[PDB]
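Okay, structure first, notes after.
2 protein chains.
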Amino acid sequence: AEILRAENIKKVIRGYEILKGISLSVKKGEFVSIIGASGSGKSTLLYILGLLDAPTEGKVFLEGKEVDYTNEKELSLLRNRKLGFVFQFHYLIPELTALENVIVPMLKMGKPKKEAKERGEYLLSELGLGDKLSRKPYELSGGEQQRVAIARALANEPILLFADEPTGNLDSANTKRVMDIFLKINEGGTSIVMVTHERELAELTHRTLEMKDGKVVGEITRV
Amino acid sequence: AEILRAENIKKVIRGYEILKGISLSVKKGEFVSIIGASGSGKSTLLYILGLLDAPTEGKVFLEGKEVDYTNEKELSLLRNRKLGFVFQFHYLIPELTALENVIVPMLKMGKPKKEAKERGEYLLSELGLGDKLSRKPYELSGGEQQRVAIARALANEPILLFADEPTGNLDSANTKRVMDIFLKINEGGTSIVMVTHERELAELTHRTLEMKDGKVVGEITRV
Ligand SMILES: [Mg+2]
Ligand SMILES: [Mg+2]
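So the sequences go chain by chain: A and A'. A prime marks a further copy of an entry chain.
No gaps in the numbering here: position 215 of the first sequence is 216 in PDB author numbering, and each next residue is one more.
No gaps in the numbering here: position 186 of the second sequence is 187 in PDB author numbering, and each next residue is one more.
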């Protein structure tokens, strides 16, 4: 039940081939991790798979349909409708409450405000922030802000979450809390593709792609 | 040449007096730091001085005029016109370039786009990011993102910068780079009030207020 495929993806950045021909697929419901040395192309690949950057060569298919990277507005539309993102950085809006931050993407897509606020409240309860709904981000710790960002990532019921180093800058306890959140999300059926520096975190996922110098050099599958 | 004064500031949060009666002033051009144990009220004070939160009791005067905290829109107006903010977190907008992120506040105040973009480019050059103008935030490291945030803080030519733990999550080299940036800004004449966990950073400032249990308990002046 493919949800994502890449075919012969290459990416040139400043005259160098950062990605050198990658093909992969991801099934609906799968938790896939990507590991490899710094400069291997892991984040570059994730940004292409997540419709943030276009490939130089190759094709990407989302839910079995080829992605057209040539109209920015239409690409943003598809991305906002289908995908959610978590990064090391939380990109909260500091003048808005934790609740308001979560419903932003829903309002953007035209979801009615009542319905949107209820969803933002369900999501935030789900992620241990029911008590911080009205808090502004500069009041929240990094770990709490990550939980706001994950709630927001789930706002439009995405079919795929992309996570780029989601536990960076997080202590042990918050790293475990956030990884457990991802595990529970994936259990509910949402696919996740996660780039990580931590092999111990990759070990908790169903499949790991190992990268080196812009190629996939290894694949690890865990049952 | 007073730029800021607080008179008998108290702040009740969830039925407890977090700030218990604080009076202070800051002169134009001064670099003031605030230190003290966790729970001393340092960040709470900074948010009131920076017009982000209202006091429960007391008065704040900015450029010798009493601040009215009762109309949110008018308070936001004054804050956006006069003050800039740096936090441990960078609050960048990840779909916008480093340049676009800096001019946001200028456009908000009605500054023409050409003039705004030139300023955003001057500021970013000034802070070692001239080469990252078109980079999206998820490409930038935490240290670089802080430099984008400091540029943005300077966008409307504020009379006062407030910095809350601006070097948290930053390594040694970036901590020094960011502190040096603050020192250069202050040299140019901009006042800065900075909350920090690091006494070694407070030692580089002109004056330090020491807090304990919601009061100023000590003051250190350095020439
Ligand atoms: Mg991680
Ligand atoms: Mg600091």
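Note that beta-carbon positions come from the ideal geometry of N, C-alpha and C, so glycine has one too.
Contact between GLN89(A') and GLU166(A') is confirmed by a C-beta separation of about 4 angstroms, below the 8 angstroms threshold. Any Cβ of chain A' closer than 7 angstroms to the Cβ of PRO159(A) would place that residue at the interface, and such an atom is absent. Under the DSSP definition of a beta bridge, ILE4(A) lacks any partner. Not one heavy atom of ligand 2 is found less than 6 angstroms from the C-beta of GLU201(A'). Under a criterion of Cβ atoms nearer than 7 angstroms, the residues of chain A' adjacent to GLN146(A) are, in order, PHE90. Across the structure, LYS21(A) and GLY190(A') are spaced so that their CA atoms are roughly 51 angstroms apart. Rounded to the nearest angstrom, the Cβ distance from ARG208(A) to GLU31(A) is 6 angstroms, consistent with a contact under 8 angstroms. Judged by beta-carbon spacing, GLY129(A) lies beyond the 7 angstroms limit of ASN170(A), meaning their Cβ atoms are not closer than that value. Ligand 1 approaches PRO167(A) closely enough that one of its heavy atoms is under 6 angstroms from the residue's Cβ. Chain-ordered, the chain A' residues with CB closer than 8 angstroms to the CB of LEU93(A) read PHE90 and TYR92. Going by beta carbons, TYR139(A') and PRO95(A') fall inside the 7 angstroms limit. Judged by beta-carbon spacing, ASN102(A) lies beyond the 7 angstroms limit of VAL27(A), meaning their Cβ atoms are not closer than that value. Taking 7 angstroms as the Cβ-Cβ cut-off, the stretch 170-182 of chain A' approaches chain A at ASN170, given in chain order. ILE193(A) is a Cβ neighbour of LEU162(A), given a cutoff of 7 angstroms. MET212(A') and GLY42(A') do touch by the CB rule: their CB atoms are close to 6 angstroms apart, below 8 angstroms. A distance criterion of 6 angstroms places the beta-carbon of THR57(A) beyond contact range of ligand 1, judged by its closest non-hydrogen atom. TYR139(A') belongs to the set of residues whose beta carbon lies under 7 angstroms from a beta carbon in chain A. Inter-residue distance for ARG120(A) and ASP54(A) is about 29 angstroms (C-alpha atoms, whole angstroms). In chain order, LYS11, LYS12 and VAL13 place their CB closer than 6 angstroms to the CB of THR57(A'), counting only its own chain and leaving out the 5 sequence neighbours on each side.
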